[PDB]
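Numbering (the deposited numbering), first residue to last: 4 to 80.
Beneath this line is the structure, given in structure tokens, with notes to follow.
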């Protein structure tokens, strides 16, 4: 249900796309707010992080954000 620029496969997201994803997720999932620059990297890099890495970058929402990314990956072939 993403901002239109994010409807691509995540491996194609820019660093700014990742930031917009965080902003969208915080509102969509009622998350504790994080710096939208928390993951200073593009989508290809984001896909190399493990769930533990996500929790380290965001203790309050990293587990959710990781599973959200997984859920998004179920969308496109």
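The C-beta atom is built at its ideal place from N, Cα and C for all residues, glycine as well.
* By Cβ distance below 6 Å, which residues in the same chain neighbour residue 6 in space, the five residues on each side in sequence not counted? -> 23 and 27
* With a Cβ-Cβ cutoff of 9 Å, do residue 46 and residue 14 count as a contact? -> yes
* Where does residue 77 fall in DSSP's three states? -> coil
* Between the Cα of residue 62 and the Cα atoms of 10, 37 and 21, which residue gives the shortest distance? -> 37
* Let me know the secondary structure DSSP gives residue 62 once reduced to three states. => When DSSP states are grouped into helix, strand and coil, residue 62 belongs to the coil group.
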